[PDB]
Structure formats: C-alpha cells, structure tokens
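Written out below as structure tokens is the structure these notes cover.
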Amino acid sequence: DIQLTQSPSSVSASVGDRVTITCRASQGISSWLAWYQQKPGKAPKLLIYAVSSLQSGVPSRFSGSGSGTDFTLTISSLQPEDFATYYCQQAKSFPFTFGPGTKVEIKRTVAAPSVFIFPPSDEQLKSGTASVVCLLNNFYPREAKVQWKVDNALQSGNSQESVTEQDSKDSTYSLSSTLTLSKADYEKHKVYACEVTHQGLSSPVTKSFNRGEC
Amino acid sequence: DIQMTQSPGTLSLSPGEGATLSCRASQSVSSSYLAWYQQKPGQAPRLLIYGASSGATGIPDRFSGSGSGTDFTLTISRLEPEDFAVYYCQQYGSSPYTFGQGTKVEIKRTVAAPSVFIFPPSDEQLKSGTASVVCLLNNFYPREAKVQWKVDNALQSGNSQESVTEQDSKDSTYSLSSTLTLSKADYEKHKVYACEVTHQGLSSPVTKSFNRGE
Amino acid sequence: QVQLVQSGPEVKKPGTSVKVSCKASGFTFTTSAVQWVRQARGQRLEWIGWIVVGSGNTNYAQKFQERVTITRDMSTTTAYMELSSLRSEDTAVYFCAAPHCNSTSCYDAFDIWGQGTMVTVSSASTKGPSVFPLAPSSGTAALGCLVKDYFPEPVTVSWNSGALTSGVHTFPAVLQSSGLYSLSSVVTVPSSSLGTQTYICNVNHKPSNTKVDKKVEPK
Amino acid sequence: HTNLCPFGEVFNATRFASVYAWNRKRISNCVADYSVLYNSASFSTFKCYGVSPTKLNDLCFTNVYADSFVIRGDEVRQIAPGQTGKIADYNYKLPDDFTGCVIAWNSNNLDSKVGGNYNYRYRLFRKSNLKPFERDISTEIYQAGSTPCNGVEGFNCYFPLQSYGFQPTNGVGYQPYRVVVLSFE
Amino acid sequence: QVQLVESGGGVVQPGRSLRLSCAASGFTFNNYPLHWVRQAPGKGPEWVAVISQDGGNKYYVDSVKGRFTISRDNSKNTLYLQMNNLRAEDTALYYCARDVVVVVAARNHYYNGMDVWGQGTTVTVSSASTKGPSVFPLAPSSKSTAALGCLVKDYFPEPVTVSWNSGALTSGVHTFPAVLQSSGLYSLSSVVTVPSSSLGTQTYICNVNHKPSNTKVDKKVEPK
Ligand SMILES: *[C@@H]1O[C@H](CO[C@@H]2O[C@@H](C)[C@@H](O)[C@@H](O)[C@@H]2O)[C@@H](O[C@@H]2O[C@H](CO)[C@@H](O[C@@H]3O[C@H](CO[C@H]4O[C@H](CO)[C@@H](O)[C@H](O)[C@@H]4O)[C@@H](O)[C@H](O[C@H]4O[C@H](CO)[C@@H](O)[C@H](O)[C@@H]4O)[C@@H]3O)[C@H](O)[C@H]2NC(C)=O)[C@H](O)[C@H]1NC(C)=O
Ligand SMILES: *[C@@H]1O[C@H](CO[C@@H]2O[C@@H](C)[C@@H](O)[C@@H](O)[C@@H]2O)[C@@H](O[C@@H]2O[C@H](CO)[C@@H](O)[C@H](O)[C@H]2NC(C)=O)[C@H](O)[C@H]1NC(C)=O
Ligand SMILES: [Cl-]
C-alpha cells in the first residue's frame, strides 16, 4: 500500500488568500496523483488529475504541481465556495489510497464559548439513567477542551462529544458533551460541573449545579 | 455524422449506353477522401475510383469520377456487360466513414411476361404433416410482379414467402418463387389451390391452379 | 500478392460473442489501417469502425460503440473485430479493408478487401434439409426440387451432376418463422423429353454433411 | 581528475526521458570503477562495442557521453550498432563505429502504472531514418499518403508520437526498461 | 446529463449480505471502468473496488477481499457490489464512481482517478434492533441569553429529524450530529439559544421524527 500524508491538517483563511496544500507519498508515484474537494453531505468532487490537469469546469484559480513523492495544490485567490476539505489520491497501484484531508476554514475573530450545563431530567431519572449535557455555544477557533468533574473528581471514559459544522452566519462552532452515569451513581454525588478551556478564555470556565437545586 | 445518399436506386440501361451515378454528402467533404466501389452479387467490394477523380489500379479508363463538396458523379462512358452490378460511394475523411445506400445498374430490356407454374405438395411431404404449394414465375422483365394465393376462392395472406433471382446474364430476366405453407390438416380441408400472377407483360392477371389429388 | 484473408463462417447463439480475424499479406501491415464493414443480406454497406495498425487507435460508429471492439496483432499481421451480445439483427456478412503500404507510404484509399465473413445469430441447430420433388404438370415444362428445413446457410444444388445448366433457377432461401431455411430450385425443359430423360437434383449441405440425390418424376 | 564520476545521478536519476527526447549528460575529467557496474546483477544488459567490457578500467578518453531514455524490453536489442526497427530508425541510432557500452535494466516498478502510463512515448513514423545520435522532437502530422494533411489527423494522417502505455501486468517484453548508453570520444 | 445513482443500502446484521446497484446514464457505459468508494461517518473516502470495461478485471481492497464481489451489466448500464459476510467496520456511505481516462495521442489510459460520483447509499452493519428515541428536556436555568434543548437518546438506526415549534423556530438552533454509544444506539442533542427574558413568555417545543420506528415525539421544554 502507498501511504499519503497531507499538510497542514487545517487552514484558516479569508476570501482573497493564497492557500497551498501539500501531499506526500510514501514512495514515488510520478504524475499519478489527483485532488478532490468535499463539502459536508456531498460526494467528493474531482478538481485535478495527473498532478496538474484542471477538470472541466473547475476555475483556473486552482493549480497543481509536484512529482514523485511531493505535490502541491494552490488556490490563488480563495472564493467563498472554496471552503471545504481537500483530499489527494494516488493512482500508481491498487488499492487507490486517499490522504487524510485538509480542511480549509473561514478565519474570524476569536470568540469565547457560552457554556451551559444541564442536569438529567426527572423523566430520564425514572428510566434509571442520567445524562448531563455541557453546551459550548458559538466559539472560534474550533479547538476546545471539556472536563467533567463529579464532586471535584475528574471523569474519564464516560463522555462523548459532537461538534457542529462551521456556522454559515458567524463562522463559529458549537460543541455538545454528554456525561453518562447510572441513576445509582448520579444520586451518590452532589456537585456536577464541566470545566471549559478555550482560547477566548483567559482561564478555564466552570459551570456547575447542585443535584436537586431548583 | 456525414450522410451519404446515392441516386438512382436502380438504373436500367441497355449495354452500350452511358451510365451516370450520383453521390451526395450532407455537408461538404474533401474530394481526396471520396471513393467509388463496385460489388457483384456474392462478392466483396472492389475499389473503382478514389480521390473523387483518380482511377484505381486495374480499372478500365471507361470509369471516370467527378464532383466536389456535396455532389459527386461516377460516369461509365460505355456500359459493358461486366459493369452491371451495385455501386457504392464512401467518404473516408471525416470519421465515421459513412457509405451511401447503393445504386444497382441493371440491363434494360423489353417487357417479358412470366411463365407461370404451380406445384402441389408432394406425397412425401404430406407424410410429414406439412404442405407446401409452390408457384414459379419464370423469366420475366421488369422485376415487379405480384402473386396472390387463393384457396377455394379465399385470398391468402401472411402464410407465403417469396424469393427472386438475380438478373440473368443471357436474357436479362428475373424469376420468382412463392411458397404457400399450410398444415396437412388445413390443406386437406380444401380443393382448389391457385396462384394469381399480375405483371406488366400480362394484359390481365394469369391464374394457374390444380385440384387436390386429381 | 497483396491479400486480405478473413475467417471462415460463424454461427453463434444469441447473446454470445464473435471475433472475426483479418490477416494481411503482400504489403507492410505495420503502416496501414483496417476498417470493418458489415452488410446484411440484400442491404447496403455498413461502416463499423477502423483501427490504425501502428498505434492501435480506433474510431467506431455510434451504432457499434456498445458491442464492437477492433484490435490488431502486428506480430501475426492480423486485425480482429470482436462483437459481443450477438442477436438476430447482427446476422450479416462482415468485411475488412486496408490500404496497401510500403515502409513509409500508403495508397490513398481502401484498395485491399477481404473475402467476407458470414455471421449467423439465432437459436437454431444444425439440421439437414428435406428435399421434396416439384413434379411437372400434365411445349416446355417446369420441374424442380424443394430444399426445405435446413440450418445453417448455405446449400448447393446442381442438376444431372452438372450436365443440365440451361434453364435452371435456384432461388435464394427464405428464413421461416421456425428459424430454418427453405430453398426451391427449378428447371424448364421441353415437354417432349419428360418420358425419355431422367432429371435428378443434387442437393448438398456441408454444415450437416448431407448429400441427397432426388429424382423428379412426372406426376 | 581524481574525483568520482557522477554516474549515480545518471543511473539512479528519479525520472528518465522518453526515447524520442533522449537526454545526454556530458562527463569529463573523472575516474570511475566500471567493474562494479559489470558485476551488478541489477543490470539486465551490459554490452560494449569497440572496447572489452571486462577490461574497461584500463582505458582513457577525452570525454564521456551518457545518453539515457526509456523503451520496452523487446526494443533493448535495437540499442546496438547496425540494428533496425522502430527505436533504431526513428528514435535513437548508434553508429557502426560506435565505441562504448549499452546498459539497461527493468524499470517496471518505477515507470509502469496500473491502467497504463502515459508519460513515456516513442516516435512511430518518420520520413527518413535518423543519423547516428540525431534527436527529433518535432510533432508534425505524418503524411502517410500522397494527399497533404493540414495539421488535422485522419486517414493516412497520424500523430507521430505514441504512448507506451506501460502496465505492471504486461509481459516482461513489454515492461519499461531504463537504458544508459556510454560513449567514449 | 452524466449521472450515477446508487441504491440497495440498508441495515444488515453482522455476517449477513447486501447487494448494491449503480444506475448510469449520460455516457457510453462500456467505455469506462467503474469504482466503488465508501466513506464511514466522520472519516475520509476509502477506495473499495474497480472493474474494467468488459468486466474481465477486478481489484479489491484487502479489507473486503473474498467477501465483496464487483460486477457490471453493460446491456443494463448497471454496476453492482455484492457484499457478503458484513462486519461492523463495513458501515459507511457507498458511492459508485466513473474512472478517469487519460488520452495521449488518441490512446486511452485508465485508472487515473474518479470524476463522476453518485450521491451515495448507506449501509449500516449492526445487530441493534430498531428503536425510537426518548426525548428528554434540557430545561433552561433560572438565572443562567439562555440555552435550552432536547436530549434525543437511545435510537437506532440513523437518522432522526428535529424541528422546533413545528419548524417555526429556526433562529439560534443547533442540532448536533449524533454519537454512537457502546450499547449500539445513537444519542443526539438539539439546543437553541434565546434571550433570558423570553423564557417565561415564549414556549419551546421540540419535535423529534424517527421514521424507522414510525414514531414522532413532541416535548415542551420549560424552566424548572
Ligand atoms: C543506485 O542505487 C542503488 C540502490 O541504493 C538505494 O538507493 C539509494 C539512493 C539509497 O536510498 C540506498 O539506501 C538504497 O538501497 C545502489 O545499490 C546499493 O548499494 C549499497 C551500497 O552503497 C548497498 O548497500 C549494501 O546492502 C547489502 C545488502 O543489504 C540489503 O540487501 C538484502 C537483499 O539484497 C536485504 O535482504 C538486506 O536485509 C538489506 O536490506 C549489505 O550487505 C551491505 O553491507 C554494509 O554493511 C556491511 C557490514 O555489515 C559492510 O561491510 C558493507 O561495506 C556495507 O557498509 C550494504 O548495506 C545496497 O544493497 C545496494 N542496493 C541495490 C538495490 O543494489 C547503487 O550503488 C546506486 N548506483 C549508483 C551508480 O549510484
Ligand atoms: C514507397 O512508396 C512511395 C509512394 O509510392 C506510391 O504509393 C504506393 C502506396 C504505391 O501505390 C506506389 O505504386 C505509388 O507510386 C514511393 O515514393 C514515390 O516515388 C515516386 C517515384 O518512384 C515519386 O514520383 C512519388 O512522388 C513518391 N511519393 C512519395 C509519397 O514519396 C517510395 O519510393 C516507396 N519507397 C519504397 C522503399 O518502396
Ligand atoms: Cl455507414
């Protein structure tokens, strides 16, 4: 198998910027490389094949270069329809392998998340399971860390996260993290908090609640 | 695709007369990529003229070619008996290299009425459970002829097939064979079997019949 | 001896493939090109496509892009035409044609042609014909033979083993709805000779190894 | 004069040239060890002309030219003096008095691609034969008949360069081979 | 128009089989090799298989070798992928794609990428039984712009649709992508942010629609 790496993992750009993405192959593949574009909920779109051949209809602001193990995709002046994930594919031998992808993201001012914590509802407690939800609302950049603490005891391995796509109005992200305990464990403790660390926060922000507190 | 059409469908001339064949292209084609072929029944095409006006090797000088653009002409100065065949033109410059629908040059002759014979199904064939009545139209000109089968005055349709020979090389006539096909059961249900022959050489349709058995 | 020799007759069931060969001789195959043309019985010449020998580049007609691929093998100086998903409508004779060339130059047309290749596509099986006599009726009379229910084409018919040729008509066969062929051959002879001259039609069908000599007697 | 010859950047070059556009590297004022090349099972062909291949180390010439290109295996035999064929006549001609060596090795793992490689080409047609060491990279339409083409391809009007279409599943006689021709003047 | 349309996806227990089909139109079907590419949730595309023009050649990724078989019907312009002995890691969206043919000097060269892609068809390999979700309120806090939502927990399979006030409330809504739990059921949260004043003077109803189980739940979210 031919391995493919892409750099960087993500790009924060603005309309008019010159974006360059690189693709590295574990062995030489001559000119046998293609570039694909993918937007959420859509199949990949072929932009470049044979390193530097523009697919019919693709704007000429897209260009490709390279040979052997190193290849480059350059967007001269970025347009709003260009914010997507770009993949490189080698075609020397089967299996056809893809790169990890590079997400081209919208740059914007740093925005700190609005943090809210939700205790498990009484309707769910009667079902024997408790779910605590921590909402990180409208923040930028995307990188964020959530830590659950149950009576100041740091949790691990009992939470799951989910991030929305970059919003089409303010270019921010939102995150929802859910801590899951049984009804027995949840009623054994009192203070439940999620601690949020983010670039827009000078220090970790904590939102908590006391079990039962109205 | 460039359409090639030819005229006439059948050219009826006497030996010695001059023949003139036509080839039309749906759009202007280069004169250096038009050819003329001659084909005799049961044979392969034979190149006569290429480059519109260049005779092929071994072709007599009585064959000539002319034309330009959309219209081309094949001229035989003095028609020899070996020249009565089908002639095709092909453009082979613009792919696909399309052909015309052919022009058959036949020997013109005086109207000749057919000699009509009817053949009852043999006893050996009736042993097999099928009956075939054959009507022979012998040595007539022109080719156009009509055969109608009548079984106890009932005009038949959809149970007969015809076959015509090529123009004879000695008397320039054609011959036709029509076969009426019935099962042994249906054939034994009737008495009078007749085939009516209509032709230009007959002042009125000629009927040949036979009584089953007798 | 600039020649183009094609494959023998082909009889394939519907839905299979046929691959016709076309071998060159006399000229230098490497610098020419081979086109393929089919012709249904009684119809016009139908251009299928062509191939350039040296490069292998092909052009096909719209009608045949889906089921025809043209190839060539320069080592065996032969060009091929493969036709897949055969059906009854594919029943025709196929020709190959090429300009003769030396090592650098070519003729300005398709002057070399193959003999032709008959391709028959149907569900019928090999079967000899039943030959029935067409007896003369009671100055010249007509008689003949009925070459009925055979497959595939063709059959040959002679009279008195070739002694009788004048006035003989052997008609082209028709394809019955049963998938079999039927053929009639006739001859007109003077009415006086009917009682003092034996007439025997010689029907031969090579695909089934059938040799029938049937005597026609006045009924 | 006491330095090594840059044979490494010649034999082990990342990418080779098409045979019709064969590349030449001028080599002078250097000392090489030709015994390790003759001894190499990596090289499928090691044929010398006018000089013994087993005694190459004991010679001296003013200049050394290193011509390199890619052909397929069945054509390596044409890279020799007095040979005829597509490559010898239309791509790369050696003289009868050629003084040097011809080295080639199988390059399937580098120059073959599944589905067929399109980068390597060869000249298929030419009006006359190439003189020894002549280089023809024109792309004029070949007029095979008597009627002049007008820059448009067609019947008897063919593009002169054709792609090898190297595939890894090809027979070895059709797999790509990288050639190096050493001449000593 | 050049077009490929997939069909045949669905939910399948581990070890059982599925057959996918690809309907092509707008191009000479038999002139092109065709690929199968899949994409698991949240991951990049993965090439699965390819078949040549005439079907004589087939190539497979090692993950499916011996379990999947690719085939085509040139008379029907249809490509297939027979998926047998399905594992959990087969769960993905399956595209069919046309091969990129490179022409140099009128000679075709194949296997250079995938230019025409279909919309994809989803297969989901799991032994989970179809279950509609529970909808629990995420009530806004008393004094903590406020935030509220609905927890759409324990449903199989994907997807659900969540609307607010029957689609009348769209501003400030965040319906997050679902997580797959260790139990095999999906969990999702849909939240809205509103000014704190509008908590006691505006009603917020979430409508969760889950077709596979034929369920539609409405939940009034209200302060405690
Ligand atoms: C053109 O390149 C040839 C290939 O070299 C490769 O490309 C370059 C750019 C580098 O990336 C290099 O790392 C690549 O290998 C080149 O031929 C190469 O020459 C070197 C010597 O300079 C050879 O290294 C020696 O290899 C043998 C065997 O090791 C491997 O081979 C076997 C199978 O053949 C495997 O099974 C083994 O596990 C190894 O993987 C060693 O025995 C040898 O011994 C060294 O160590 C001992 C002490 O133990 C010392 O006594 C010796 O002196 C050595 O120091 C070396 O390691 C290499 O095998 C060889 N490769 C090939 C394919 O021929 C060639 O010279 C270049 N030509 C020009 C003109 O530049
Ligand atoms: C190769 O053939 C060319 C052309 O010959 C003509 O075309 C052939 C296909 C065939 O039909 C021949 O009978 C034709 O004459 C030769 O070049 C021609 O040479 C004549 C003089 O003999 C000259 O008048 C023409 O202009 C030339 N035409 C061209 C296109 O060059 C050529 O000599 C032949 N070479 C060999 C080695 O046989
Ligand atoms: Cl045609």
Side-chain angles (χ1 to χ4, degrees), chain A residues 110-126 130-140 144-155 159 161-162 164 167 170 172-181 186-214, chain E residues 135-153 162 164-165 168-176 189-206 219-223:
Chain A
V110 178
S114 312
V115 186
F116 307 86
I117 192 172
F118 298 102
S121 63
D122 294 309
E123 183 181 359
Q124 187 193 9
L125 291 168
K126 294 296 185 295
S131 296
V132 198
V133 178
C134 191
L135 166 63
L136 283 61
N137 196 264
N138 300 13
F139 53 93
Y140 185 88
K145 178 184 178 66
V146 181
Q147 280 191 308
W148 287 99
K149 291 181 184 182
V150 176
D151 279 338
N152 306 127
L154 179 55
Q155 306 295 295
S159 57
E161 288 185 8
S162 179
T164 52
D167 195 77
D170 55 34
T172 63
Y173 299 86
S174 292
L175 190 146
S176 174
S177 181
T178 295
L179 178 72
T180 301
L181 301 177
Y186 172 73
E187 293 174 335
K188 288 168 58 178
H189 311 290
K190 178 172 181 176
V191 179
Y192 289 81
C194 55
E195 181 179 54
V196 172
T197 74
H198 184 262
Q199 172 171 356
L201 308 169
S202 58
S203 56
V205 165
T206 297
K207 295 305 189 115
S208 64
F209 69 89
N210 281 294
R211 192 174 58 94
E213 174 72 12
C214 168
Chain E
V135 185
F136 302 118
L138 299 168
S141 178
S142 53
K143 206 171 304 181
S144 160
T145 73
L148 66 98
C150 284
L151 176 62
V152 185
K153 183 173 170 46
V162 179
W164 282 93
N165 297 344
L169 171 62
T170 62
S171 299
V173 179
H174 279 322
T175 299
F176 288 88
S189 60
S190 178
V191 298
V192 62
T193 48
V194 291
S196 300
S197 57
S198 59
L199 287 191
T201 60
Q202 174 54 52
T203 179
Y204 296 97
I205 306 182
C206 73
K219 193 64 55 166
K220 275 186 152 81
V221 182
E222 45 197 355

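The sequence lines fix the lettering, A, B, ..., with proteins before strands; numbering per chain opens at 1.
By the side chain to side chain contact (heavy atoms under 4.5 Å, CB included) test, A:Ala130 is found to be paired with A:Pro120, A:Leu125, A:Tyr186, residues two or more places apart in sequence or in another chain being considered. With sequence neighbours left out, the ring pair (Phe, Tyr, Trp, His ring centres under 6.0 Å) criterion links E:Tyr204 to no other residue. The salt bridge (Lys or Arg N to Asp or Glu O under 4.0 Å) check on A:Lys145 picks up nothing, with sequence neighbours excluded. Evaluation of the side chain to side chain contact (heavy atoms under 4.5 Å, CB included) rule for E:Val173 yields E:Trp164, E:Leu169, E:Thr175, E:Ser190, E:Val192 as partners, not counting sequence neighbours. Applying the side chain to side chain contact (heavy atoms under 4.5 Å, CB included) test to E:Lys220 and every residue at least two apart in sequence or in another chain returns E:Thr203, E:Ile205. Evaluation of the side-chain hydrogen bond (donor to acceptor under 3.5 Å, both in side chains) rule for A:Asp170 yields A:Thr172 as partners, not counting sequence neighbours. Listed by chain and residue number, nothing satisfies the salt bridge (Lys or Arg N to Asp or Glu O under 4.0 Å) test with A:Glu161 (two or more places apart in sequence, or in another chain). In terms of the side chain to side chain contact (heavy atoms under 4.5 Å, CB included) criterion, residue partners of A:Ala144 (sequence neighbours excluded) are, by chain and number, A:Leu136, A:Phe139, A:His198.
At a threshold of 4.5 Å between non-hydrogen side-chain atoms, the residues A:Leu181 and A:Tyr192 count as touching. Contact annotation: the side chain of E:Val191 never approaches that of A:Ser176 to less than 4.5 Å [non-hydrogen atoms, C-beta and beyond]. Within the 4.5 Å cutoff, no side-chain heavy atoms of E:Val221 are placed close to those of E:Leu138. At least one side-chain heavy atom of E:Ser144 sits under 4.5 Å from a side-chain heavy atom of A:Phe116. You'll find the side chain of A:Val196 reaches within 4.5 Å of the side chain of A:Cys134, heavy atoms only. A 4.5 Å side-chain heavy-atom check between E:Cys206 and E:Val135 finds at least one atom pair inside the cut-off.
Separating the NZ atom in E:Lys153 from the OG atom in A:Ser121 is a distance of 11.5 Å, to the nearest 0.5 Å.
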Side-chain donor-acceptor distances from residues 203-212 of chain A under 3.5 Å, at least two apart:
residue: A:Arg211; atom: NE; partner: A:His189; partner atom: O; Å: 2.7
residue: A:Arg211; atom: NH2; partner: A:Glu187; partner atom: O; Å: 2.9

* Check the pair E:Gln202, E:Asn165 against side chain to side chain contact (heavy atoms under 4.5 Å, CB included), reporting the backbone distance first and the verdict last. => CA-CA 11 Å; E:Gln202 174 54 52; E:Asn165 297 344; 3.9 Å; yes
* Asked: Could you walk me through whether E:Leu148 and E:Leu199 pass the side chain to side chain contact (heavy atoms under 4.5 Å, CB included) check?
  -> CA-CA 9 Å; E:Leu148 66 98; E:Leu199 287 191; 4.1 Å; yes
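Residue A:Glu195 comes nearest to A:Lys149 through the heavy atom pair OE1-NZ, 3.5 Å, listed as atom of the first residue, atom of the second, then distance. Summarising the geometry of E:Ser142 relative to A:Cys214, their closest heavy-atom pair is OG-O, 4.4 Å, with the distance given to 0.1 Å. Here the closest heavy-atom approach between residue A:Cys194 and residue A:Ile117 is recorded as N-CD1, 3.9 Å.
Between the side chain of E:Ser196 and the backbone N or O of E:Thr145 there is at least one donor-acceptor pair closer than 3.5 Å.
Pairs engaging residues 130-140 of chain A under the side-chain hydrogen bond (donor to acceptor under 3.5 Å, both in side chains) rule: A:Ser12-A:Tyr140, A:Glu105-A:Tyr140, A:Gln124-A:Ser131, A:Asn138-A:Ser174, A:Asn138-E:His174 [sequence neighbours left out].
Remark: of the listed residues A:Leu179, A:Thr178, A:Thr180, A:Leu179 is the sole one forming a side-chain contact (heavy atoms from CB on, under 4.5 Å) with A:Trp148.
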